[PDB]
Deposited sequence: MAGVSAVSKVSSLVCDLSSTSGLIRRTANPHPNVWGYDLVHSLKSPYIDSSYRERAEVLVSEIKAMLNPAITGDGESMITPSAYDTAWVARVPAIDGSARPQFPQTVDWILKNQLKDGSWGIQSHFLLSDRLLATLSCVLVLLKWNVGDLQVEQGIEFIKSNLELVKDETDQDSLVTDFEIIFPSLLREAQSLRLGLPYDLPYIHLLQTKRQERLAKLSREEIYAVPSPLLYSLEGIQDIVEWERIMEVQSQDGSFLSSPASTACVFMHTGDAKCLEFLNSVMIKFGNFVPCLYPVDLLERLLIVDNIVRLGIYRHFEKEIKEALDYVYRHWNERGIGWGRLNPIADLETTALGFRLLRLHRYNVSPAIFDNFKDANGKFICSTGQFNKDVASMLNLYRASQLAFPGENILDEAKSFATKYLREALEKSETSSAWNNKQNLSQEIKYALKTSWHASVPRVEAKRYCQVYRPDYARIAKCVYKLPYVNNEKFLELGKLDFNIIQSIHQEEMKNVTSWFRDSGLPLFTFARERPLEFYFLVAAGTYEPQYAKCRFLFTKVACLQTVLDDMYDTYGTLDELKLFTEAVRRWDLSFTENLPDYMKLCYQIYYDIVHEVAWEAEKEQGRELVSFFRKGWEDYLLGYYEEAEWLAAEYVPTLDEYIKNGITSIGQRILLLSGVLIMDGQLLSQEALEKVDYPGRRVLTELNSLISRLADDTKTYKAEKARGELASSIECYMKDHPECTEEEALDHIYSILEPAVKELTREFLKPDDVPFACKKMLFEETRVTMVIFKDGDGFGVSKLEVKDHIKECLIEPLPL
């Protein structure tokens, strides 16, 4: 550990050639995304054999005995898989292959073509249906499979195709179809758009086609489904239906996907993945362009996966809410009212979509601002949903197991956005992100703009480069520390890497080296000052030191004990080095401001020192008042935030984030740090818990701990708002303050009082700063 460990590190990723390579990757990705974000190449989605077969059914509008879109028949004839099914070869999902294959067989028969493909298709369906022994063999189900497959199979039955219609699994599907159809309000089908519009081809006996046009989408589709739209067209001859089908053929050529467009969801997924991979700083322009488009279509009724959907989609809406708010767009949690009743619903559609909607709801709820009760309700609801999902057999399907769904749900539930280490989360996501990820709707599909090899290549390389740069900084840190004189204070533990980690794990960009360095110096000094005032020094000694603090005079130290003479000299040097660097960056005088800050901090220590000597137990109000100042976070944060390369803070701007006595960023961080620290420790000078109990002699320790949390939770919401709030404060500065708070909250998470785990601390440093990602 310390000096020897860090100086043993020799990372190759520091060479400029790696950053040059990363820049090529950035350019390639910008080129790849351009059609999606700026051009007309939006909605890049794979073919749906199932939907293509429905479109292939449409007869020529000229009344001749041939398909209107003969290219779709040719596509089907040419795209059968080796095993006789149709679908995406890389991923096998039984329900997807069954549905698509039966769909293709029937249309080939309609047009009396593809005898061999038909024979092979029928064989696939028959043989695979006969492998299903019990329900747990069916695997994950494509959207509305239980509704559609029985009706498609009855079509085959009327043609007397050689299929096993009398299998128990077939009877069970019909049973499930009835169960679904029973809860259907049929009169409302025509009045209120609903998810069933996505699958009208499966409920043809139920729908009055003469009434269905009222819930048609503006583009002529029925909930963006080519199959569902083709079905309505063949029943009605509706001109807008045909226009939608034409538009998809024009876009894709000789096939159609199972959803179109996916313009909103796709843009949000691109942004989400770029952000989670930790590579967002390279794509500011593209992310803004993507979210600007989503925001244009953001409305009080929520959003669908496509901008023309006549009903909102929880998955897309919750994802949009989170990304928009995170990028400082003004959105209101009242949009979640669109997904309520009587509260929340979303337990109807296909399983993966439902789970995705709730994971997104859960994540969105953590971005709550003060007074947003709907998000508290949302969090509770989504948590309960996800814990229940873990216990469902569907979660353990072959398909879901292959994608580690249960693991993903568990990770989300144990992970608090506020108590997260940013660099570590990006590192972990690089290890989970899948370039060839397959999604489920009416069929299995992929979105190559979202899931691709380049994103991951850049993610891993960028992480390694940043880490190698930090490793070189850590050599500088440990080298400075060794010669600094701080090691002479043997009453204080040496923690330079822990303090470096505190800032570096969140403020990681290469240009902020000085910020990280000075922040680390101040934190090392403070841990000595803290031990000196609250443990090692006597009140008479500490009184002398505190007088020296007032005087700012090196000559005055002749009065101090030897160890304090040294401590004062180091303190004085660090304060003024920081001040000099701040004045250089800011272009204005800051020595007096820093000096006042240090005086207030240490006078806070002295007040505490007086309390300790007197065995005085403060009121909670007194404890918190002192603690916000003496916890030391304010002056530490100032020693980093004012020295960020290129980030100018006027007095006016600074007061928006730093102002003793006001609930601004530095004050909230101080309060959160003090109380989170207490909740985590205190059981291992009185703490906030003990103080409250002196204030309320009758109350229990349990009540006391609950009260501290009742203070913490509101503070965290305020911190989030202060961070994300639109204003003219350089965002990099707000983010540095916020991210330092997040890492602090990681250190003190799950406050039971038993103390901080040193092994967890070292493990975080290992993961973040020491061990590279394998390439």
- [ ] Enumerate the deposited-sequence segments absent from the coordinates, judged by C-alpha atoms, in order of position.
- [x] 1 to 34, 377 to 378, 721 to 726
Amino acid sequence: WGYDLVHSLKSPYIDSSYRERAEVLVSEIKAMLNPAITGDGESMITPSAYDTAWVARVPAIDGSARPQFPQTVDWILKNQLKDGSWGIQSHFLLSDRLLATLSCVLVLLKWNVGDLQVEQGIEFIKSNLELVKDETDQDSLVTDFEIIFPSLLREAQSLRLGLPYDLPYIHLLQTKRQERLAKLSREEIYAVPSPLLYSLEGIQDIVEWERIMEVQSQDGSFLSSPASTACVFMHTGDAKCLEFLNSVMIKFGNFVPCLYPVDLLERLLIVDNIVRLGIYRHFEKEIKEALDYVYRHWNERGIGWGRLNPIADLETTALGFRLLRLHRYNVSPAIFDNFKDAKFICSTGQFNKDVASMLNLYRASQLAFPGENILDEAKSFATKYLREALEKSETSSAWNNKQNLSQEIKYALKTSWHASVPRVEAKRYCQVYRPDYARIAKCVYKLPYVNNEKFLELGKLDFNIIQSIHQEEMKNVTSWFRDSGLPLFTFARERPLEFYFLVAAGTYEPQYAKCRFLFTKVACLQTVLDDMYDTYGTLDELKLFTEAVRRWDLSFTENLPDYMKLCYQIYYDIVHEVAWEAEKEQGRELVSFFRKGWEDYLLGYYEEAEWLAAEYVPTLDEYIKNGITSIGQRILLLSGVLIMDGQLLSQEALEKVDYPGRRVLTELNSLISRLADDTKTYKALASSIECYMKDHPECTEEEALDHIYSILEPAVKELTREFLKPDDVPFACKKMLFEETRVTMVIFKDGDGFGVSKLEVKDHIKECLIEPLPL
From here on, numbers count along this sequence of modelled residues.
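Note that the rigid core is defined as the largest set of C-alphas that superpose within 1.5 Å between two forms.
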Task: Core-fitted comparison in 5 other deposited structures of this protein, 440 to 448 vs 696 to 704, farther C-alphas - done: 696 to 704
Open item on the list: Compared with other deposited entries of this protein, is residue 343 missing coordinates in at least a third of those that cover its neighbours?
Closed with: yes
TODO: Between 45 to 53 and 717 to 725, point out the one with the higher average CA B-factor as the PDB entry records it.
DONE: 717 to 725
Open item on the list: If you average the CA temperature factors as listed in the entry, which stretch comes out higher, 634 to 642 or 384 to 392?
Closed with: 384 to 392
TODO: Could you tell me which one of 525, 686, 518, 314 shows the highest CA temperature factor in the PDB record?
DONE: 686
Open item on the list: Just the C-alpha B-factor column, please: which of 446, 276, 543, 434 has the biggest number?
Closed with: 543
TODO: Taking the chain's C-alpha temperature factors as the reference, tell me which third residue 339 falls into: lowest, middle or highest.
DONE: highest
Open item on the list: Can you tell me whether residue 309 has a C-alpha B-factor in the lowest, middle or highest third compared with the other modelled residues of the same chain?
Closed with: middle
Open item on the list: Quick check for you: using the entry's CA B-factors within this chain, is residue 14 in the lowest, middle or highest third?
Closed with: middle
Task: Position of residue 64 among the chain's modelled residues by C-alpha B-factor, lowest, middle or highest third - done: highest
Task: Among modelled residues of the same chain, the CA temperature factor third for residue 116 - done: highest
